[PDB]
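See structure below.
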Amino acid sequence: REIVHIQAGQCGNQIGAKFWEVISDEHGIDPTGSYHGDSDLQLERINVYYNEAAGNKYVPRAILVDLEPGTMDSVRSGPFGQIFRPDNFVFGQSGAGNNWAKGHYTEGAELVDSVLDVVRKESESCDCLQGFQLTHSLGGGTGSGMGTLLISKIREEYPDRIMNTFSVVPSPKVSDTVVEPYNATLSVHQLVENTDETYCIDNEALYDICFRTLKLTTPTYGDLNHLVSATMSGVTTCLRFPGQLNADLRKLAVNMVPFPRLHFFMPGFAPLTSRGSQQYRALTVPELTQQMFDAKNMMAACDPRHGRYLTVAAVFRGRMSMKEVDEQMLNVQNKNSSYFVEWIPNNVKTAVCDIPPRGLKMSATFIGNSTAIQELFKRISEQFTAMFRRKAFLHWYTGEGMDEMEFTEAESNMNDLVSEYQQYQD
Amino acid sequence: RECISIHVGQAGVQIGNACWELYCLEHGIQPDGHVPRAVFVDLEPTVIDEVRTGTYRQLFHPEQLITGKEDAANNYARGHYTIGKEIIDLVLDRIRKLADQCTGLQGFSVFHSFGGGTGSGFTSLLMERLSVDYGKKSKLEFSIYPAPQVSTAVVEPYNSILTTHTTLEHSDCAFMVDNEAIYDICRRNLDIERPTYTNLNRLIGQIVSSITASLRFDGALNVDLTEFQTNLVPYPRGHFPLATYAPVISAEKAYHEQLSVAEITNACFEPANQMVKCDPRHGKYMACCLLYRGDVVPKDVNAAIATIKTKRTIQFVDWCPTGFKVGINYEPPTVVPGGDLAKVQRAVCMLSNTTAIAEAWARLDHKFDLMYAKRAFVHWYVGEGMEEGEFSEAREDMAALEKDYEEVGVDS
Amino acid sequence: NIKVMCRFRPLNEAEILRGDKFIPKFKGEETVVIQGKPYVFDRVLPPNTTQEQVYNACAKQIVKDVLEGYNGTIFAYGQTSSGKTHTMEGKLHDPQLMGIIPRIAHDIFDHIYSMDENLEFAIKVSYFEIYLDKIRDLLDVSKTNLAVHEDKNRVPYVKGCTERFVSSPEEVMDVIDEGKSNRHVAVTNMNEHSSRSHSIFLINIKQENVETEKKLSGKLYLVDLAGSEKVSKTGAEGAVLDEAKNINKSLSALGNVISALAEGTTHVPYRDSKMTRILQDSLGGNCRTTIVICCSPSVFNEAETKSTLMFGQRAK
Ligand SMILES: CC(=O)O[C@H]1C(=O)[C@@]2(C)[C@H]([C@H](OC(=O)c3ccccc3)[C@]3(O)C[C@H](OC(=O)[C@H](O)[C@@H](NC(=O)c4ccccc4)c4ccccc4)C(C)=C1C3(C)C)[C@]1(OC(C)=O)CO[C@@H]1C[C@@H]2O
Ligand SMILES: Nc1nc2c(ncn2[C@@H]2O[C@H](COP(=O)(O)OP(=O)(O)OP(=O)(O)O)[C@@H](O)[C@H]2O)c(=O)[nH]1
Ligand SMILES: Nc1nc2c(ncn2[C@@H]2O[C@H](COP(=O)(O)OP(=O)(O)O)[C@@H](O)[C@H]2O)c(=O)[nH]1
Ligand SMILES: [Mg+2]
């Protein structure tokens with residue numbers, strides 16, 4: 001099987017560097033080097049993310065889409081930056097304006113064809129394609145607009161292969177941009193209707209989880225990114241490993257989406273202990289479920305405790321008892337019968353790889369489909385209206401060839417999306 | 001004389017590698033000896049690959065190892081219809097190429113995991129295409145039906161109410177081994193909170209060895225495969241008996257091993273030792289095939305069983321005077337060199353049809369409704385060449401399996 | 001509210017010599033017994049039931065509402081040789097043999113003309129098919145991928161759909177015929193109606209009261225449903241398999257929508273399909289909907305007829 005990553009925008013891009021920083025080491029691939037793999041198993045399934053050309057050069061099969069040179073020229077001028085074949089860099093030296101409209105209708109719409117071109121060169125690579133990974137932020141141009149287009153096109157070209165989306169939904173407390181809800185509401189819209197698996201991460205849900213669950217005092221972006229990339233590795237790549245009970249994107253999809261919206265999840269990693277001290281090793285297993293299922297530790301902003309779950313997928317990856325795994329999951333399902341929805345006898349989807357995260361003994365990625373994420377699109381949707389009402393920075397959109405009915409559309413859509421999700425919380 | 005086997009679904013393959021291990025182990029045929037007599041099917045390469053990478057690597061022909069690099073999908077539909085279809089031909093070909101090479105066979109011991117994608121769906125049509133190509137044989141499918149509370153897949157029931165209805169009108173005798181109810185045995189009758197899947201497999205890998213292996217092997221009271229279905233199914237529904245083993249004692253802890261027949265047989269009817277969460281909560285047995293192996297005196301049996309026939313609290317069906325098929329083999333069991341299985345010199349792999357499953361099916365059917373009642377993951381199948389028909393019409397199916405397993409018992 | 005109506009057609013010469021026996025037993029005027037299990041619906045029409053009697057019970061009230069400015073929807077469902085063509089169109093120009101559509105169109109133009117005193121009428125027609133999840137205009141072959149959009153009040157509408165002005169009953173029939181020639185169907189040897197897509201015919205009755213200055217716009221949706229396909233049987237592959245999945249998905253969506261409306265649910269899943277979103281405004285609120293299900297009484301069709309019957313049960 002296979003997949004083809006997609007680094008839309010700067011963020012989605014910045015993260016690319018971290019997702020590939022990791023994944024590679026979790027596959028023994030040095031900058032341009034080959035497979036130094038401490039083992040021999042980190043190779044029989046690599047294909048999922050690379051391509052065979054030389055014999056020591058397995059190149060990441062991702063796409064780097066962005067209308068701001070400097071960015072990709074920071075990712076390509078640093079560490080692992082020199083492993084992507086230049087063909088991968090689909091830049092847009094234009095003005096990468098922070099407008100969803102500027103990267104979806106006017107500026108991005110041009111650079112698109114020169115992207116799809118490659119997304120096809122990579123898809124028609126070899127063997128059988130599974131789906132595409134998509135990273136980006138719903139709070140900017142090259143991210144929400146142009147990346148949200150990249151998919152609307154992808155999903156027309158292969159409505160068969162899957163589409164996981166890793167979105168950095170606009171954090172609450174403080175917005176790292178101003179129109180944010182504009183660029184956001186507009187991209188979520190496109191998401192709820194193309195990709196079929198979305199993993200929403202919040203820069204501040206991370207800080208928290210990174211400053212209190214990792215006594216880490218100076219959580220640089222690199223970190224946040226790093227933590228995130230840690231989860232997306234547990235998801236995909238991982239399951240493309242052996243296991244007593246293994247799954248793969250689809251299983252994950254076909255066990256997690258009760259209703260076609262596409263629904264968004266909230267990823268959570270397992271061993272998340274501070275370096276030295278904490279290295280408690282309390283990782284027998286009840287310790288991992290202890291972790292994963294708590295409020296804090298959910299990369300999302302919202303707290304599960306604020307709304308039932310529809311599905312859950314503990315994708316563990318480290319030798320354990322299909323008994324102490326299958327078992328724990330249960331008590332968990334009974335101690336919290338309250339929030340776990342009922343019309344699904346077994347919400348949880350236990351998954352079990354074998355080999356764990358390179359240096360760790362036992363981990364377990366968590367992919368939750370809780371109704372709690374209602375209280376986020378609400379947020380976003382609110383911010384919109386409060387500012388849409390006055391058409392705040394709307395001239396930067398319309399003036400870029402947009403529509404007063406376009407914004408209406410998205411909000412509503414994504415706004416209805418909130419509605420539905422409640423239809424199950426009850 | 002022989003009995004091919006088709007291990008379908010990652011699980012059916014893991015269990016397969018296991019049951020297949022125990023085999024050579026008690027036949028003196030190391031890694032590289034003769035040639036198996038089965039096949040391996042899965043729509044997820046990485047798993048069959050484990051049989052291609054790990055142990056018992058060269059004991060198979062890359063021809064009896066079928067894979068569909070494509071996608072597994074924990075959904076019946078896709079595995080049965082859409083994807084699973086593409087492979088079937090090829091699959092069959094082997095069970096027609098391997099079925100020819102032999103000499104007057106008896107059937108195909110099928111190994112699948114009820115609630116999976118490749119295990120539920122696929123087989124559904126595999127067994128399906130068999131019942132027509134060899135209606136004149138035995139179709140005993142050895143299943144690992146849904147843990148009563150500890151299921152895995154979110155949809156599981158969708159996949160198991162569907163593998164039951166499609167296979168029902170095609171199997172001869174369906175053996176059942178409950179994944180969870182086996183853990184209990186690993187906790188209560190062996191002590192270990194560290195049971196790797198690789199263990200449950202060693203277990204069924206045992207109970208199964210008692211079925212084919214040793215039975216198809218000479219003895220003081222041989223029992224052919226046909227024998228089963230005949231002495232084991234009272235009615236055409238591909239009736240599902242339950243597998244049970246007796247000396248499930250720990251090879252470390254306790255040691256009373258020397259537990260004469262009189263004991264190991266009584267240890268079969270206590271509900272805490274039956275590889276199935278179908279505790280005889282009321283289910284009246286209606287036929288049991290006590291397969292013994294090792295040093296056993298026929299009188300010991302034709303007495304140990306007599307004592308049972310008169311315990312009454314073990315109530316057998318009405319319309320059934322005597323329902324005890326005593327199968328005696330010679331060669332004692334053969335425990336893994338150093339797993340965790342005691343290693344006695346006699347065992348009792350008793351399987352049976354019990355009005356008990358009236359439960360297990362019930363509890364699994366109900367599940368289904370709850371979700372179907374809201375369509376839950378329905379769009380995942382529809383979009384895979386299925387319809388409101390196949391679900392609703394396979395629900396009605398089992399419905400008459402809840403009435404069937406009710407009528408054939410509870411009444412006189 | 002929604003009403004489901006079952007119609008059994010008489011046996012044809014091609015199946016008279018086949019020696020099939022009547023599996024269709026009737027009860028009252030709402031129940032049909034197949035294999036000792038009952039099936040209750042709003043109305044069941046045997047074979048003796050006229051085209052006039054069928055129209056009055058299923059479509060007449062919807063036509064009056066549309067002429068009064070309200071919306072209404074009529075769905076027609078059935079497998080091949082069930083009676084869809086005969087029920088919905090029949091002998092298009094014959095007065096007795098004519099189906100449902102020529103009657104709706106008859107009644108509309110009988111209200112029109114009869115009001116020429118202060119009223120100004122405009123009849124606008126639209127015809128599109130949903131094929132491979134795409135909205136294809138059947139009145140303009142260039143418009144193959146229309147999108148569903150929302151106005152300022154969140155009402156979904158098909159953007160850029162051809163809207164043909166029609167001033168007579170004959171103009172409507174000619175428009176239906178033109179559109180039918182653009183529908184995705186397969187070349188099949190013996191039979192009139194076999195499709196691989198869902199069809200939606202829109203009759204918009206616009207009126208302006210010149211003196212009162214008040215305007216009305218009632219929408220009548222005529223939906224032609226392709227039958228559910230068991231893909232295991234037929235052995236559909238490639239584009240045909242993509243067609244079968246798309247037809248099945250749409251029927252599930254529709255079933256989910258009518259079920260929600262029947263149970264009076266606060267959430268109605270219109271977003272499950274493009275079809276349910278096109279029909280959202282005409283399915284919700286003050287709108288009457290009739291699902292006409294046609295089946296055969298043959299003993300051989302017992303499988304596909306019980307399939308048509310269970311779909312009607314889903315609606316309720
Ligand atoms: C001596 C020793 O055991 O060191 C550990 C360590 O101290 C801890 C604290 C690690 C450490 O992680 C962090 O401090 C961290 C920094 C930024 C963002 C997020 C986390 C570690 O850096 C991370 C590193 O993780 C891995 O090696 C995994 O394979 C992981 N790899 C990466 O994230 C990665 C980092 C740099 C370059 C390439 C990859 C991974 C996880 C999931 C999926 C794929 C890969 C580990 C175990 C450790 C160190 C090295 C200190 C922890 O994190 C992970 C992801 O394992 C933080 O809490 C856990 C518990 C670990 O015990
Ligand atoms: N006893 C036993 N049960 C197993 C084993 N492996 C899996 N199972 C059980 O069988 C089911 C898992 O099926 P999967 O592995 O998900 O799927 P599959 O049937 O192999 O086929 P796919 O879904 O297409 O991958 C679960 O109920 C597991 O508990 C095993 O080695 N032994
Ligand atoms: N986690 C994370 N967020 C980022 C990174 N870079 C920008 N962001 C977030 O992305 C939003 C800004 O959008 P930006 O990426 O600049 O848009 P674009 O570059 O015009 O497509 C803010 O909410 C930031 O917090 C990053 O490297 N990691
Ligand atoms: Mg598998």
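In the structure tokens, the first chain shown is A, the next is B, and so on; residue numbers restart at 1 for each chain, and ligands run from 1 in the order shown.
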
(Q) DSSP on the backbone: which residues in segment 83-282 of chain C end up as strand (DSSP E)? Give the answer as a PyMOL selection string. (A) chain C and resi 119-131+134-137+147-150+156-159+164-165+198-209+215-224

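Selecting all polymer residues at most 6 Å from ligand 3, using only C-alpha atoms and all ligand atoms, gives residues 9, 10, 11, 14, 15, 96, 98, 137, 139, 140, 141, 142, 143, 170, 175, 176, 177, 203, 221, 224 and 225 of chain A.
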
Q.
Set the distance at 8 Å and use only C-alpha atoms: which residues neighbour residue 14 of chain B once local chain neighbours fewer than 5 positions away are removed? I'd like the list as a ChimeraX atom specification.
A. /A:244 /B:198,201

Quick one: residues within 7 Å of ligand 4, with only C-alpha atoms and all ligand atoms, as a short mmCIF file (atom, residue, chain, number, x, y, z; two decimals) with N, CA, C and O atoms, in the first residue's frame?
```
data_model
loop_
_atom_site.label_atom_id
_atom_site.label_comp_id
_atom_site.auth_asym_id
_atom_site.auth_seq_id
_atom_site.Cartn_x
_atom_site.Cartn_y
_atom_site.Cartn_z
N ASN A 246 -3.63 -5.65 13.39
CA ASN A 246 -3.32 -4.40 12.73
C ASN A 246 -4.46 -3.88 11.91
O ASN A 246 -5.33 -4.63 11.47
N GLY B 9 -8.31 -14.16 6.75
CA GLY B 9 -8.26 -13.00 7.63
C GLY B 9 -6.99 -13.01 8.45
O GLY B 9 -6.52 -14.08 8.82
N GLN B 10 -6.42 -11.85 8.73
CA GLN B 10 -5.19 -11.82 9.52
C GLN B 10 -5.31 -12.82 10.65
O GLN B 10 -4.48 -13.72 10.77
N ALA B 11 -6.34 -12.66 11.48
CA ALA B 11 -6.53 -13.55 12.61
C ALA B 11 -6.49 -15.02 12.20
O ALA B 11 -5.64 -15.77 12.67
N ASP B 42 -5.74 -13.06 2.59
CA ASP B 42 -5.82 -11.77 3.27
C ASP B 42 -5.68 -10.63 2.27
O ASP B 42 -4.96 -10.74 1.27
N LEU B 43 -6.38 -9.53 2.53
CA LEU B 43 -6.35 -8.37 1.67
C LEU B 43 -5.42 -7.30 2.23
O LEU B 43 -5.46 -6.13 1.83
N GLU B 44 -4.60 -7.71 3.19
CA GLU B 44 -3.59 -6.84 3.80
C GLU B 44 -2.33 -7.69 3.71
O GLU B 44 -2.17 -8.67 4.44
N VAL B 47 0.38 -8.99 6.80
CA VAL B 47 0.11 -10.11 7.72
C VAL B 47 0.50 -11.50 7.22
O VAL B 47 1.04 -12.31 7.98
N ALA B 72 -7.59 -4.03 3.25
CA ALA B 72 -8.37 -4.95 4.05
C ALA B 72 -9.80 -4.43 4.30
O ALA B 72 -10.78 -5.01 3.82
N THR B 118 -11.63 -9.06 5.94
CA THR B 118 -11.20 -10.17 5.11
C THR B 118 -11.70 -11.47 5.69
O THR B 118 -11.87 -12.45 4.97
#
```

Q. Hey, what's within 8 Å of residue 121 of chain C if we count only C-alpha atoms and toss same-chain stuff fewer than 3 positions away? As a VMD selection string, please?
A. chain C and resid 112 205 to 208

Include C-alpha atoms and write out the residues we just selected as a compact mmCIF listing (two decimals), in the first residue's frame.
```txt
# COMPACT_ATOMS: atom_id res chain seq x y z
CA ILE C 112 -53.92 28.52 -15.57
CA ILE C 205 -45.52 27.50 -10.92
CA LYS C 206 -44.94 31.27 -10.67
CA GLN C 207 -47.80 33.77 -10.24
CA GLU C 208 -48.06 37.56 -9.93
```

Q: Considering only C-alpha atoms, extract the chain C residues located within 8 Å of chain B and return them as number ranges by chain.
A: C: 228-232, 241, 244-246, 248-249, 252, 307, 310-311

Q: Define the interface residues of chain B facing chain A as those within 7 Å, counting only C-alpha atoms, and report them as a ChimeraX atom specification.
A: /B:46-47,69-70,73-75,150-155,183,193-197,367,370-371,376-377,379-380

Please produce an output containing N, CA, C and O atoms for each residue in the selection, written as an mmCIF file, in the first residue's frame.
```cif
data_model
loop_
_atom_site.group_PDB
_atom_site.id
_atom_site.type_symbol
_atom_site.label_atom_id
_atom_site.label_comp_id
_atom_site.auth_asym_id
_atom_site.auth_seq_id
_atom_site.Cartn_x
_atom_site.Cartn_y
_atom_site.Cartn_z
ATOM 1 N N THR B 46 0.983 -7.201 4.589
ATOM 2 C CA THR B 46 1.829 -7.280 5.770
ATOM 3 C C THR B 46 1.598 -8.454 6.729
ATOM 4 O O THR B 46 2.533 -8.890 7.400
ATOM 5 N N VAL B 47 0.381 -8.989 6.797
ATOM 6 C CA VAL B 47 0.107 -10.107 7.717
ATOM 7 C C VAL B 47 0.495 -11.503 7.221
ATOM 8 O O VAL B 47 1.037 -12.312 7.980
ATOM 9 N N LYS B 69 -2.520 -7.010 -2.063
ATOM 10 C CA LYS B 69 -1.806 -5.788 -1.661
ATOM 11 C C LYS B 69 -2.722 -4.622 -1.339
ATOM 12 O O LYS B 69 -2.372 -3.726 -0.567
ATOM 13 N N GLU B 70 -3.893 -4.639 -1.964
ATOM 14 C CA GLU B 70 -4.882 -3.599 -1.801
ATOM 15 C C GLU B 70 -5.223 -3.270 -0.367
ATOM 16 O O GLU B 70 -4.338 -3.084 0.462
ATOM 17 N N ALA B 73 -9.885 -3.348 5.081
ATOM 18 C CA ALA B 73 -11.149 -2.696 5.410
ATOM 19 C C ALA B 73 -11.957 -3.482 6.397
ATOM 20 O O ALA B 73 -12.475 -4.542 6.076
ATOM 21 N N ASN B 74 -12.113 -2.958 7.596
ATOM 22 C CA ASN B 74 -12.856 -3.715 8.585
ATOM 23 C C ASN B 74 -14.337 -3.722 8.319
ATOM 24 O O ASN B 74 -15.159 -3.527 9.231
ATOM 25 N N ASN B 75 -14.681 -3.918 7.058
ATOM 26 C CA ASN B 75 -16.068 -3.964 6.692
ATOM 27 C C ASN B 75 -16.389 -5.071 5.704
ATOM 28 O O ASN B 75 -15.789 -5.198 4.634
ATOM 29 N N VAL B 150 -15.602 -7.481 25.081
ATOM 30 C CA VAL B 150 -14.291 -7.009 24.688
ATOM 31 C C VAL B 150 -14.081 -7.138 23.193
ATOM 32 O O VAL B 150 -13.152 -7.811 22.752
ATOM 33 N N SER B 151 -14.952 -6.517 22.404
ATOM 34 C CA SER B 151 -14.792 -6.597 20.961
ATOM 35 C C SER B 151 -13.704 -5.598 20.601
ATOM 36 O O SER B 151 -13.198 -4.882 21.463
ATOM 37 N N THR B 152 -13.327 -5.569 19.334
ATOM 38 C CA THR B 152 -12.296 -4.652 18.901
ATOM 39 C C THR B 152 -12.897 -3.658 17.919
ATOM 40 O O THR B 152 -13.181 -2.513 18.278
ATOM 41 N N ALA B 153 -13.092 -4.101 16.679
ATOM 42 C CA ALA B 153 -13.668 -3.253 15.646
ATOM 43 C C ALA B 153 -14.902 -2.581 16.208
ATOM 44 O O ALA B 153 -15.589 -3.139 17.066
ATOM 45 N N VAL B 154 -15.187 -1.391 15.713
ATOM 46 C CA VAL B 154 -16.330 -0.638 16.171
ATOM 47 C C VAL B 154 -17.590 -1.212 15.588
ATOM 48 O O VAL B 154 -18.644 -1.161 16.196
ATOM 49 N N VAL B 155 -17.461 -1.761 14.393
ATOM 50 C CA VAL B 155 -18.578 -2.343 13.674
ATOM 51 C C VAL B 155 -18.820 -3.829 13.902
ATOM 52 O O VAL B 155 -19.946 -4.289 13.719
ATOM 53 N N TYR B 183 -9.486 -15.869 27.407
ATOM 54 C CA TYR B 183 -8.623 -15.101 28.281
ATOM 55 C C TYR B 183 -8.867 -15.557 29.706
ATOM 56 O O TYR B 183 -7.929 -15.758 30.484
ATOM 57 N N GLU B 193 -1.543 -12.529 33.241
ATOM 58 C CA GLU B 193 -2.261 -11.348 32.781
ATOM 59 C C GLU B 193 -1.510 -10.818 31.571
ATOM 60 O O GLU B 193 -1.782 -9.730 31.068
ATOM 61 N N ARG B 194 -0.555 -11.626 31.118
ATOM 62 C CA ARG B 194 0.288 -11.325 29.965
ATOM 63 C C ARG B 194 -0.023 -12.320 28.824
ATOM 64 O O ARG B 194 0.859 -13.041 28.352
ATOM 65 N N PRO B 195 -1.295 -12.398 28.398
ATOM 66 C CA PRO B 195 -1.582 -13.337 27.316
ATOM 67 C C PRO B 195 -1.482 -12.664 25.958
ATOM 68 O O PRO B 195 -2.325 -11.845 25.598
ATOM 69 N N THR B 196 -0.443 -13.002 25.207
ATOM 70 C CA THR B 196 -0.274 -12.436 23.882
ATOM 71 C C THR B 196 -1.205 -13.195 22.960
ATOM 72 O O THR B 196 -1.564 -14.339 23.244
ATOM 73 N N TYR B 197 -1.607 -12.566 21.863
ATOM 74 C CA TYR B 197 -2.478 -13.224 20.910
ATOM 75 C C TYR B 197 -1.824 -14.552 20.610
ATOM 76 O O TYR B 197 -2.490 -15.579 20.486
ATOM 77 N N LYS B 367 -26.694 -6.073 19.527
ATOM 78 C CA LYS B 367 -25.616 -5.128 19.190
ATOM 79 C C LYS B 367 -25.952 -4.461 17.865
ATOM 80 O O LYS B 367 -26.188 -3.253 17.778
ATOM 81 N N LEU B 370 -28.873 -1.878 17.468
ATOM 82 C CA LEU B 370 -28.536 -0.590 18.025
ATOM 83 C C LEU B 370 -27.910 0.322 16.992
ATOM 84 O O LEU B 370 -28.366 1.453 16.805
ATOM 85 N N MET B 371 -26.891 -0.174 16.300
ATOM 86 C CA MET B 371 -26.203 0.624 15.286
ATOM 87 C C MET B 371 -26.997 0.788 14.015
ATOM 88 O O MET B 371 -27.127 1.900 13.494
ATOM 89 N N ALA B 376 -25.453 3.904 11.646
ATOM 90 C CA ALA B 376 -24.058 4.059 11.998
ATOM 91 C C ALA B 376 -23.173 3.955 10.769
ATOM 92 O O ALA B 376 -23.385 4.658 9.787
ATOM 93 N N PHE B 377 -22.205 3.057 10.792
ATOM 94 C CA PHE B 377 -21.268 2.927 9.674
ATOM 95 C C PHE B 377 -21.856 2.244 8.461
ATOM 96 O O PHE B 377 -21.202 1.414 7.830
ATOM 97 N N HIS B 379 -22.952 3.801 5.589
ATOM 98 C CA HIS B 379 -22.427 4.352 4.354
ATOM 99 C C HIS B 379 -21.128 3.712 3.917
ATOM 100 O O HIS B 379 -20.705 3.880 2.786
ATOM 101 N N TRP B 380 -20.502 2.960 4.809
ATOM 102 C CA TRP B 380 -19.239 2.341 4.486
ATOM 103 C C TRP B 380 -19.416 1.099 3.690
ATOM 104 O O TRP B 380 -18.494 0.679 3.004
#
```

Q. Taking only C-alpha atoms into account, which residues of chain C are within 12 Å of chain A, as a VMD selection string?
A. chain C and resid 132 to 134 145 148 to 157 238 242 245 to 246 249 252 to 253 256 260 265 to 274 277

Q.
What does the list of residues within 8 Å of ligand 1 look like if you count only C-alpha atoms and all ligand atoms, written as a PyMOL selection string?
A. chain A and resi 18+20-26+210+213-214+216+219+222-234+238+269+271-276+278-279+356-360+363

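Our summary of the geometry notes that atom CA of residue 110 of chain C is positioned 13.4 Å from atom CA of residue 170 of chain C.
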
Do you know which residues are at most 12 Å from residue 181 of chain C counting only C-alpha atoms, after dropping those on the same chain fewer than 3 positions away, and could you put them as a PDB file with C-alpha atoms, in the first residue's frame?
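Below is the file that was written, result14.pdb:
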```
ATOM      1  CA  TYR C 127     -34.403  18.654 -15.635  1.00  0.00           C
ATOM      2  CA  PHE C 128     -31.242  17.181 -14.169  1.00  0.00           C
ATOM      3  CA  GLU C 129     -29.753  13.807 -13.393  1.00  0.00           C
ATOM      4  CA  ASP C 137     -28.326  19.240 -16.747  1.00  0.00           C
ATOM      5  CA  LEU C 138     -30.596  17.233 -19.103  1.00  0.00           C
ATOM      6  CA  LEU C 139     -31.645  20.447 -20.904  1.00  0.00           C
ATOM      7  CA  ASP C 140     -28.055  21.658 -21.645  1.00  0.00           C
ATOM      8  CA  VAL C 141     -25.463  18.917 -22.435  1.00  0.00           C
ATOM      9  CA  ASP C 174     -41.402  17.681 -25.272  1.00  0.00           C
ATOM     10  CA  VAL C 175     -39.010  18.950 -22.545  1.00  0.00           C
ATOM     11  CA  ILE C 176     -39.281  15.567 -20.670  1.00  0.00           C
ATOM     12  CA  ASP C 177     -38.606  13.726 -23.984  1.00  0.00           C
ATOM     13  CA  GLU C 178     -35.552  15.964 -24.774  1.00  0.00           C
ATOM     14  CA  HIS C 184     -27.377   7.888 -18.586  1.00  0.00           C
ATOM     15  CA  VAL C 185     -28.999   4.569 -19.506  1.00  0.00           C
ATOM     16  CA  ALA C 186     -27.445   1.460 -20.943  1.00  0.00           C
ATOM     17  CA  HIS C 193     -36.832   2.198 -18.821  1.00  0.00           C
ATOM     18  CA  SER C 195     -31.367   3.754 -15.781  1.00  0.00           C
TER      19      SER C 195
END
```

(Q) As an exercise, work out the distance from atom CA of residue 183 of chain A to atom CA of residue 76 of chain A in Å and give it to one decimal place. (A)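 Value for the atom CA of residue 183 of chain A-atom CA of residue 76 of chain A distance: 26.3 Å.
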
(Q) Let's see if you can do this: from backbone DSSP, list all alpha helix (DSSP H) residues in segment 303-337 of chain A, as a list in words. (A)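 Alpha helix (DSSP H) assignments inside segment 303-337 of chain A correspond to residues 322, 323, 324, 325, 326, 327, 328, 329, 330, 331, 332, 333, 334 and 335 of chain A.
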